Structure formats: structure tokens, C-alpha cells
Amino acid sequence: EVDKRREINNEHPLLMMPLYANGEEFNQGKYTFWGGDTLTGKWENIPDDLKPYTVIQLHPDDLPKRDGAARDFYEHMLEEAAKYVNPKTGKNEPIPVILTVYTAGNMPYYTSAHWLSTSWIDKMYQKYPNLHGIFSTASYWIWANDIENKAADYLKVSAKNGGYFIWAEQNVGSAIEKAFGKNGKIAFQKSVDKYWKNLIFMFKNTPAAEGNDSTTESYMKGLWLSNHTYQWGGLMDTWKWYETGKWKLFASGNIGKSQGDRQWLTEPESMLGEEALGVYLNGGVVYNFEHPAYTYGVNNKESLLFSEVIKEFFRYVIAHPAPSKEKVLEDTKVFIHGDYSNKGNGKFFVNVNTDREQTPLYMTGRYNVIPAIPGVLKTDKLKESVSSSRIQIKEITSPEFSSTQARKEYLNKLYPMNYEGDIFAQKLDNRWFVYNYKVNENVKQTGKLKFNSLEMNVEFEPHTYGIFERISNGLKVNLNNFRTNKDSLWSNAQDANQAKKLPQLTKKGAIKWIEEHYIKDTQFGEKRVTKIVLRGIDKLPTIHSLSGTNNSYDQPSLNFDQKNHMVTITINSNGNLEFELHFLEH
């Protein structure tokens, strides 16, 4: 083992910061990114507390599809990254970089990344200590004949240099299963046997119409727990709204894949946090997002989605490290071995812990995420772990997995019901994590959670998550329901058919819209009500350390009922919010 260039784990999570090459301007002799971010400007704008946990991910996007283009662009930016001087201290502080080296099967008709040899990658690793890793993303839909052989080389050249190979992929057409050798292409399987400590595997939830969210995330978690990857994460993509044909929030009708650039703007901001919770709560530590202009920002400025949701969520996972592999293994009661492709893919979990075929969310935390590995792999390194002796390792073909009903009946015996109400809730140590799991339906949800004898009832509108921590002097609360009004994008269309026929916003038009109507002159959503009821309380609680998105919340209202020893907390907000309540139990 060569010394790793960086740590990636629960205590050192990783936020990837994508910068997409502008190929049109490249043809004009410029070195720029779509959305107007600069490498240096973006890095400088990253908050100093986040800098140790964030890496700039270069992507070749629409660079010319010919030899030399991607190399020329990448060498230019690695030079900029390497020579960076911190203006406050005057010291050279090389900016850490990940290069996107593989995507779209590296077909010469799809990407300039085709003309990046492993020899060149090796050269850049040796030249640039700030090159921390290389990234393969989104070939599920174009599974090239030598993809597994090429992934083996990427992992090996990374290991050789102490860098990470990062692969984001979704289980469309058995991609994850094939990667590990299902169809007999075993090169990457063998590479992983030697070099897994340098591999990061991530889901990529983009192809949402295929509904592989639950099954891909289950693999990512199981690969990690069984030592087939060093850590895991997910790329969470607002393009899912396009893939599934949604339009105006809560509107009826499906428009199909007809308004791409309006559609990738429409996913509620807070829903990205709901998606990211599934990574964190299950020991994942790597985060990435598309579309970058919405999820991160433009012109070296943070979008409100980034500042109010993603940034604050990432700060949370740094302050409260995700459960360790040891911890997750200890809590795991069932571990699946086999191919989800043989068992209905995402349908496997529908009405088990997901409410529908096409969703990135869960409807219960009762089983958290059941971890799995493809049938091609062995559970040897899993059983070698000391923390894994209480786990039932089960073939996916077992009768307990044969139907929806059999799955719940089997899992219910091993995972006890630990809350009430039709809402998503999961508990870690002294913390309840809660969200409303509705995607595009305006329906409130309620739950009853307990901290021993203390009862907490909550009422959540859609696109609202909360983290409730029992501390010695009371309850720490994090709430996020940030959701701006996107209706303007869908102006002039009263129904789905009409929305289909709107003029294309276009990629450049959407970037412009962000600049003109999201970065500034934002159409904020209306404040909306969250209720929290605590039963078993001695006196009216006091509120402390209240803060949140500027101008986004009314002062919380507390109504204490001495006779019933209970308080009703009414919050009216639209944003990120945190406070503590101080009280004693009765």
C-alpha cells in the first residue's frame, strides 16, 4: 500500500464539487466552465470549515470529441489548481482535484474522455500531488465491451499512486452486477480483491424512470460492509424530475421527457436533503449532485439549494460522523446475496420500504437499508469481520424474499416496529430522523416517536425533514423544509399537454434563469406549518440558539398544557432551521 492522498470515511466525508468544461468556449480558445464558475473562484468561495472535506471534480462535458482536447483542458486546470496561492496567507495551497476520466462508456461519439489514456492518468498523478482521484460516471446505459477491464486499470493506477478510483453507477440493466463479474467479465472483480481500499462506489440516481434507487443503494451499502469498496456514497440528480416526466409541483399529468431544462430546476430543494439522509443514515460518506447550476450554483456563487440545504446537511455529517462500518455491521440483521435483476429490481422493495416504483425516498426506516451484494461475489470478507456474527446472510432466491408479503413478514421478525405513523422515521443513538416521503403529492404526514418515556408527535408537509436529538437538558432540533416557488417555469400551461408544448428553456436558458431569477429576485415559497408535540414534560420548555435561513421563519410558538404535561410547538417556516428546547421530564 502507498500512502493515501486523503482520508475518506465517516469522520472525513467527501463533498464532490463538479465543474463542467465549456466545450463551445474551448473551441474559441477559452478555458471555462458552464455556469461561469472558475476553478480558483469556486475554491475560494468554499467555506473554510468545508475546505478539508471538499474536492473539485473536473468533468469534460461537451469538449470536442477528438484526441488532445480533454488532456489540454485538464492539464490547464491542474496547473491552475497546483499553483493556487491563498490570498490571506500568501502561501501556495494546491487545490485538491478529481478528474472525470470515464463516462458514457468512453465512446468516441459520446465523450472527449475517450482520449485520456491510463498512462496519461499515471503521469498526472505523479506530477500533481493535489490530484486525489479519478471519476467514472454513468455508463449504465452504454455498457461498453471493455468497461470492466478499463475499471480494473483505473483502480490499479489509483492504488499505485495512493489516489482513489470513484465510480458512480446505477443498477440499470444489471450494471453493478456486471461490474463485479456477473456476465464473466471478471477483471474489476480481481482488481477489487487487491485494491478495494482505494475504491469508492456510488449510486447515480438519474435514470429514475427505471426505479433502481433502492436496489442500487442496497448494493452500495453491502459492497462497503463486505469490504468490496472502501466507502460509498451517491450522486443525487435533479434530472430525475425530467426522467420521470413530472412538471409543475403537485400538478396532475405526465409530460414525459419533453422539457428537460425546466424539469431539472423543479425538484424541491429540501428533497435533496431527504435523498442525502439515505446515504448518511446508512454509513455512506461521499456526496455529489446534478444539475450543478441548481445544486451548487453559478458564477462562483452558492445557489440557495446549496446554501440552505446541501451545505448545512454536509456540515451536519461532519459534526456528527455517519455510523462506522463496525456500527452498521452490528445493527445489520439481514444481508442479501444475489441479483436484484432477477427479482424485479426496484419492485423488490415497493411496499416494503418504498411507496412506489419510481422514488429516491423511503416510507419507513424500520429496516433502514437492507444491504446486498451481487450473486457473483462472495461473503467471505463479510464473515471474516468480528461484528458480523449476528447477521443472517440470505440468498435472494430464499422463500423469505419470494413476494412482497414474505419479505415484510420475514424482516418484521428481525427488525422490530420502533415508531408509529405513516411517515419515514429512523433512529440512531439519541436521534430521530424524520421525513415526509411524498414526492409530488401535497399530503401531510404524522408520526409518533419516543425517547424512552418522552413522546414526540410530529406533523410534516411534503419536502420536510427533521433531526431530533435528546440531549441532557432537552431536545436539539434541526428542521429543513426549504422549497422555493418554481411555478414561473410552468407559466402559460394549464395542463400537461400544454406544458409539453412550451418553448424549450434550453441549457443556456436555464443557466440564465438561475442567474436572473434564482441567485437573485428569488421567488421564495410560502411559509408552512410544522407541528411538534412533546408529552411527558415538567414545565413550559425554553428555546435557545434559534437560527435558520434569513427571513424564512416566524418565532416558534410554544403552548404548554400543565394538566396534561405536554407542549405543542408550532413552526411556520420555509428554510433551514435549528434550535434547542430546554426542559425536564415529568
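When you see a residue number, it is the position in the sequence shown, counting from 1.
Set 66-74 against 27-35 and average the Cα temperature factors; 27-35 ends up higher. Stretches 384-392 and 486-494 differ in mean CA B factor, with 384-392 having the higher one. Based on the entry's C-alpha B-factors, the most elevated value among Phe165, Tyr110, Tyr415, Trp247 belongs to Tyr415. Residue-level inspection of the entry shows that, of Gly253, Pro94, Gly278, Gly365, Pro94 has the top Cα B-factor.
Ranked within its chain, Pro52 lands in the middle third, by CA B factor from the PDB record. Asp146: CA B factor in the highest third of modelled residues in this chain (values from the PDB entry). When all modelled residues of the chain are sorted by CA temperature factor, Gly181 is found within the middle third.
Annotation for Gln562: CA B-factor lies in the highest third of the chain's modelled residues. Split the chain's modelled residues into thirds by C-alpha temperature factor. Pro323 is in the middle one.
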